[PDB]
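Here we start with a single chain on its own, the form deposited in one PDB entry, put down as structure tokens.
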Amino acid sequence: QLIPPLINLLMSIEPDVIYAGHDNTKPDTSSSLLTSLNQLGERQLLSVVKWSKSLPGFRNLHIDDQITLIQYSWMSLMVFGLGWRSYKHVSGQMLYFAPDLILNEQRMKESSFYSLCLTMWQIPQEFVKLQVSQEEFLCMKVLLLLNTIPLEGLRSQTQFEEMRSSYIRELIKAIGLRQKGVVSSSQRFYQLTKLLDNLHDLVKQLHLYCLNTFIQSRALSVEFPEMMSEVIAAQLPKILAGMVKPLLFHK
């Protein structure tokens, strides 16, 4: 009725919650924790690719572009999802990685990892502050998938532009569901798109921590599964070096 068709479709294709398959019964060490988060990441990566095959318009981009967009955005999509689950299930007061892997301050012993968690915590915090709706979150997540492209652009750049515009228009409709004011809705659009822009710097810290841990994996006793190892090796160094074009809503 009032909920736009595309938004209902996005709600319908959102994956079912993913479990980390984490022990719990045993004392979590820093390395065991990271290993468990990587196992969760491997399971979420599969989920992300399956989700993308049902995402309107995505399957129509050139296959190389589809692969490139997933390899550029997996970290962003996953931390954004973490933000949403944390917001929804624990009022943003704990990091809800999975139902069997919820982290609070007490479990973040490692000072470097705790610092990374505080960075991640910024998202649920903004979600709480802005009171982001399920409808807004769904459209913003798609925009994140489409938020970075190669320096030379995509093979299906035209199709990509149209897709991105369609989802920007859908985010506007989501905002309109609760933002009556023409300026209030406008200021809302500004706030939400500014949040997406800010994710770029946030994700960069996650990318750096990941690539470092990946290179020191044997030394840190941290295991990375095969699919995650592939995306890291295929693009992280390039992304970190800034050899990609981040798309920004605000100059």
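Here, rigid core means the biggest group of C-alpha atoms that superpose within 1.5 Å across both forms. A residue's number is simply how far along the shown sequence it sits, counting from 1. Shifts are known only where both forms have a C-alpha.
Below: the form deposited with a partner chain bound, not depicted.
Enquirer: Just one of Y87, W74, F160, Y167 has a heavy atom within 4.5 Å of the partner chain in the entry with it bound. Which one?
Expert: Selected residue: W74.
Enquirer: Can you confirm whether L130, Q191 and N198, the three residues that make up this candidate site, all sit within 4.5 Å of the partner chain in the entry with it bound, judged by heavy atoms?
Expert: Spot residues vs the partner chain: no contact at all.
Enquirer: Can any non-hydrogen atom of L45 be found within 4.5 angstroms of the partner chain in the entry with it bound?
Expert: Yes - in the entry with it bound, heavy atoms of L45 and the partner chain come within 4.5 Å of each other.
Enquirer: Using a 4.5 angstroms cut-off on non-hydrogen atoms, would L206 count as touching the partner chain in the entry with it bound?
Expert: Result no; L206 lies far from the partner chain in the entry with it bound.
Enquirer: Wondering, does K53 line up within 4.5 Å of the partner chain in the entry with it bound on heavy atoms?
Expert: Looking in the entry with it bound, residue contacts with the partner chain include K53, since a heavy atom lies within 4.5 Å.
Enquirer: Is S36 part of the interface with the partner chain in the entry with it bound - any heavy atom within 4.5 Å?
Expert: Although the partner chain is absent here, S36 would stay clear of it in the entry with it bound, with no heavy atoms inside 4.5 Å.
Enquirer: Of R169, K129, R178, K109, which one has a Cα that moves 2 Å or more between this form and the one not shown once the core is lined up?
Expert: Residue with a C-alpha shift of 2 Å or more: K109.
Enquirer: By the 2 angstroms cut-off, has the C-alpha of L9 moved between this form and the one not shown once the rigid core is superposed?
Expert: Shift at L9: below 2 Å after core fit.
Enquirer: After a rigid core superposition, would you say the CA of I239 moves by 2 angstroms or more between this form and the one not shown, or not?
Expert: Comparing forms between this form and the one not shown, the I239 CA shifts at least 2 Å.
Enquirer: After the core is matched up, is the C-alpha of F214 off by 2 Å or more between this form and the one not shown?
Expert: Shift of 2 Å or more: yes.
Enquirer: With a change of at least 3 Å, which way does the C-alpha separation between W51 and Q235 go in the entry with it bound: closer or farther?
Expert: Their C-alpha distance grows by at least 3 Å in the entry with it bound.
Enquirer: Given a CA distance change of at least 3 Å, are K238 and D201 closer or farther in the entry with it bound?
Expert: Nearer in the entry with it bound, by 3 Å or more.
Enquirer: As a test: superpose on the rigid core, then list the runs of at least 3 residues whose Cα atoms all move 2 angstroms or more between this form and the one not shown.
Expert: Runs 108-112, 214-219, 228-242 stand out as displaced between this form and the one not shown - each at least 3 residues long.
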